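Spelled out from the first residue to the last, the chains are:
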Amino acid sequence: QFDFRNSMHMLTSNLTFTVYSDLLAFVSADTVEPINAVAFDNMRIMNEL
Amino acid sequence: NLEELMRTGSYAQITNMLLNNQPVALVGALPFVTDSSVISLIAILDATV
Amino acid sequence: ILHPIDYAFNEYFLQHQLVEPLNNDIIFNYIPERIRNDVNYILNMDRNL
């Protein structure tokens, strides 16, 4: 049987938000000039120039 | 060192100094604009570049 | 106004949402750490979240 008191509820949530997906479009990435690009040891990757 | 800054591309130190008004000396071979207007000097245009 | 079962389903959906707050810190940590430490790539958070 339908009971109003047992069926009436109060649902709570957030008012508004935006859900993003890319997560890297917010990162602006540039690269150093390739000639002076250093390896893990902090010396130029190609040092025969 | 503006040469090192341009080679590396990381504008973190200089950005922080400019935002925090920390006095600094940017060293390098720079072109300059010769201005002869006392009104400009009073207006403090040299600080807006 | 919901049946108890319908309310159970909707309450579970409301209470267990998959969305989480997003910040520049989360984006930065999502960037791979080795890329972050590499000096060949300059990464900036030029967007406001």
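Residues numbered from 1 in each chain as written, not as in the entry; some residues may be left out. Chains lettered and ligands numbered in written order. Part of a larger assembly, values for the part shown. Heavy atoms only, no water.

Going by the header, the method for this PDB entry is cryo-EM, and the resolution given is 2.7 Å.

### Considering the overall build of chain A
Filter applied, for reference: In DSSP terms, a helix is any run of H or I states spanning at least four residues, a strand is any run of E spanning at least two, and both are numbered starting from the N terminus. Burial status follows relative accessibility: with a 1.4 Å probe on protein chains alone, a residue under 20% of its type maximum counts as buried, one over 50% as exposed, and anything between as partly exposed. What sets the accessible areas is the Shrake-Rupley method with a 1.4 Å probe; for residues, cover comes only from the shown protein chains.
Broken down by element type, chain A carries one helix and one strand. Dimensions of chain A, computed from C-alpha atoms along their principal axes, come out at roughly 85 × 20 × 15 Å. When each of the 49 residues of chain A is scored for burial, the buried share is 16%. For chain A, the exposed area adds up to about 4700 Å²; of that, 55% sits on carbon and sulfur atoms.

### A look at unusual backbone geometry
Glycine aside, negative phi is the norm for most residues, and most peptide bonds take the trans geometry. All names here are of chain A. Phi at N42 is positive, roughly 70°, even though this residue is not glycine. Assignment of secondary structure puts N42 in the segment after β1 (28-31). A relative accessible area of 55% places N42 in the exposed class.

### Some thoughts on the packing of aromatic side chains
Applied cut-off: Ring pairs are drawn from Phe, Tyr and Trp, using the six-membered ring of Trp, whenever the two centres fall within 6.5 Å, and their geometry is named by plane angle: stacked under 30 degrees, edge-to-face over 60, tilted for the rest. The criterion is that NZ of a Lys, or CZ of an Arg, lies within 6 Å of the ring centre and within 35 degrees of the ring normal, and then a charge sits over that ring.
Considering all chains together, one arrives at two aromatic pairs over all chains under this definition. With a centroid separation of 5.1 Å and 90° between ring planes, the pair formed by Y20(A) and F26(A) is classed as edge-to-face. Its relative accessible area of 8% is what places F26(A) among the buried residues. The ring of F28(C) is capped by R36(C), whose NZ or CZ atom sits 5.0 Å from the centre of that ring.

### Re the nonpolar core
The condition that has to hold: Buried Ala, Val, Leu, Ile, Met, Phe, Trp, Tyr and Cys residues form a nonpolar core when they are joined through side-chain atoms within 4.5 Å. In this analysis, two residues are considered to be in contact whenever any of their non-hydrogen atoms come within 4.5 Å of each other.
Ranked by size, the top nonpolar core spans five residues in total: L23(A), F26(A), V27(A), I27(C) and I31(C). Excluding anything up to four places from it in sequence, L23(A) contacts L22(C), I27(C) and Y30(C).

### Quick look at the interface of chain C and chain A
Stated formally: Charged means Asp, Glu, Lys or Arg here, nonpolar means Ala, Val, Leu, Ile, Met, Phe, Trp, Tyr, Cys or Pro, and polar covers whatever is left, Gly included. We treat two strands as partners when DSSP finds at least two bridges between them.
Listed per partner, the contact involves 21 residues of chain C and 26 residues of chain A. Elements that contribute at least two residues to the side of chain C that touches chain A include exactly α1 (4-15), α2 (24-30) and β1 (41-44) of chain C. Looking at the side of chain C that touches chain A, the element that brings in the most residues is β1(C), giving four residues. For the side of chain C that touches chain A, a count of residues per class yields 16 nonpolar, three polar and two charged. As defined by bridge partners, β1(A) adjoins β1(C) across four bridges and the pair is classed as antiparallel. Looking across to β1(C), one finds that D30(A) is bridged to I42(C).

### Brief notes about a nonpolar patch on the surface
Defined as follows: Like charges are joined within 9 Å and nonpolar side chains (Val, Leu, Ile, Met, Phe, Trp, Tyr) within 5 Å, but only among residues with over 30% relative accessible area and no salt bridge; these make up the patches. Take a side-chain nitrogen of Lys or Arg and a carboxyl oxygen of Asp or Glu: if they are within 4 Å of each other, that pair is a salt bridge.
Together, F2(A), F4(A), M8(A), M10(A) and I1(C) give the surface a local cluster of nonpolar side chains, amounting to about 600 Å² of exposed area. Tracing the sequence through the fold places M8(A) in the loop between α1 (4-7) and β1.

### Concerning the pattern of salt bridges
All names here are of chain B. Counted under the stated rule, the structure contains one salt bridge over all chains. We note a salt bridge from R7 to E4, for which the minimum N-O separation is 2.2 Å. On the criterion of helical spacing, the pair formed by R7 and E4 is a turn pair, its members being three residues apart in helix α1 (residues 2-8). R7 gets classed as partly exposed once you look at its relative accessible area, which sits at 39%. Among the residues examined, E4 registers a relative accessible area of 30% and is labelled partly exposed.

### Digging into the environment of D30(A)
As for its position among the elements, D30(A) is in strand β1. Excluding anything up to four places from it in sequence, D30(A) contacts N40(C), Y41(C) and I42(C).

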